[PDB]
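> coords please:
(one chain, ligands or ions: 2)
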Amino acid sequence: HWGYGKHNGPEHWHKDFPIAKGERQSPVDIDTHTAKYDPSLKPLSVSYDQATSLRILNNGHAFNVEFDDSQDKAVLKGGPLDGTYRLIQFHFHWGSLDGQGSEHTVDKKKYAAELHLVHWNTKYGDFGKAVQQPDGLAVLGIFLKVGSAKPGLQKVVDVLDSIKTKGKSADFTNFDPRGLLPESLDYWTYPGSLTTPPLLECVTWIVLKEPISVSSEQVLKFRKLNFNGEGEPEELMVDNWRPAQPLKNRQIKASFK
Ligand SMILES: NS(=O)(=O)c1cc(C(=O)Cn2cnc3ccccc32)ccc1Cl
Ligand SMILES: [Zn+2]
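Numbers count the residues shown, from 1 in each chain. Ligands and ions are numbered 1, 2, ... in the order given. Now the structure:
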């Protein structure tokens, strides 16, 4: 039922998923002046050398690039985290226009898109069990601005036409997610939730300060995807972002400055 339209978009989600009005929902606006520098935060450890991508899927809300997470091959740890989190998938949120599309905002600035690298805590054995825990997931969020192309994104853009509609998938091996990271790993961090239903409050968010650049042609190709299935009327997959939610009783911490 849920999606991103007038009739089933974010302002409606709370009727099926009441935690939508919960105490630690995401995304949020990152007020850079009020984020607290925490000199005890560690450098983030991103260990993606052995990543095994498997498949790319149009799930009707975004596209997911999925990884083999049955061994410690692409892991996140350090930063604010206590254990080891395994990469399971990444996906993006983007706009119908370059001036919107990100979920998190920075001093109310919206980026053109936002990449989410989703990882689950190995102490819970699998993703489905991890999402039921308050420290189950760690999502590395990276902003995209439009400018020069991101060469490491082009393999993803080029397969999109093979997964245009809801439920399509394609083999997607040997994709290296290191090609999507900016130079700096400086970040903000706070406790939050999935940004899509079921909106579970299981995520440590780690949002990088430095955006990556992608070209206008690369983001245009995202906008040609479809939320509908094949043989259904065409609804362009655009504006699949949830707006900023109340910060409530939380403090955003900065690893820098
Ligand atoms: N947007 S996000 O908070 O990074 C996040 C998003 C998701 C998904 O959207 C995964 N996902 C894959 N098929 C789906 C069908 C309905 C809802 C979610 C679905 C799963 C985990 C995380 Cl952490
Ligand atoms: Zn997401």
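
> ok so residue 218 is a helix residue?
Yes: the assignment for residue 218 by DSSP: H, G, I helix; E, B strand; the rest coil puts it in a helix.

> residues contacting it?
Shown in contact with residue 218 (C-beta atoms under 8 Å, 6 or more residues apart in numbering): 149, 150, 153, 154, 157. Every C-beta, even on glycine, is put in place using the N, C-alpha and C of the backbone.

> backbone dihedrals for the third one, both of them.
Summarising the backbone geometry of residue 153 under the convention degrees, to the nearest 10, its torsions are phi -90, psi -20.

> count the residues that sit near it.
22 (other C-beta atoms under 10 Å).

> could you do the second one as well?
The burial count assigned to residue 150 is 19, neighbours taken as other C-beta under 10 Å.

> now it. Nearest residue, chain neighbours left out?
Spatial nearest neighbour of residue 150, excluding adjacent residues (C-beta to C-beta, 6 or more residues apart in numbering): residue 214 at 4.7 Å.

> the one you found bridge partners, please.
Listed by DSSP bridges, the beta-bridge partners for residue 214 are residue 146.

> that one contacts residue 146, correct?
Yes: with contact defined as C-beta atoms under 8 Å, residue 214 counts as touching residue 146 (6.4 Å).

> shared neighbours of the two, anything?
Both residue 214 and residue 146 are in contact with residue 112, where contact means C-beta under 8 Å, 6+ apart.

> what does the stretch 1-150 of the chain put close to ligand 1?
Proximity of the stretch 1-150 of the chain to ligand 1 (C-beta under 6 Å from any ligand atom) is limited to residues 59, 61, 64, 116, 118, 137, 139.

> now, these that are in strands?
64, 116, 118, 137, 139 (DSSP state E).

> closest one to residue 79 out of these, please.
Among those, residue 139 lies closest to residue 79 (C-beta to C-beta), at 11.8 Å.

> tally of neighbours for that closest one?
As a burial measure, residue 139 scores 24 neighbours (other C-beta under 10 Å).

> again with the one 10 residues further on
Using other C-beta under 10 Å, residue 149 has 15 neighbouring residues.

> same question for residue 186.
Residue 186, neighbours per other C-beta under 10 Å, totals 15.

> residues contacting the residue nearest to residue 150?
Residues near residue 214 by C-beta under 8 Å, 6+ apart: 112, 113, 144, 145, 146, 147, 149, 150, 153.
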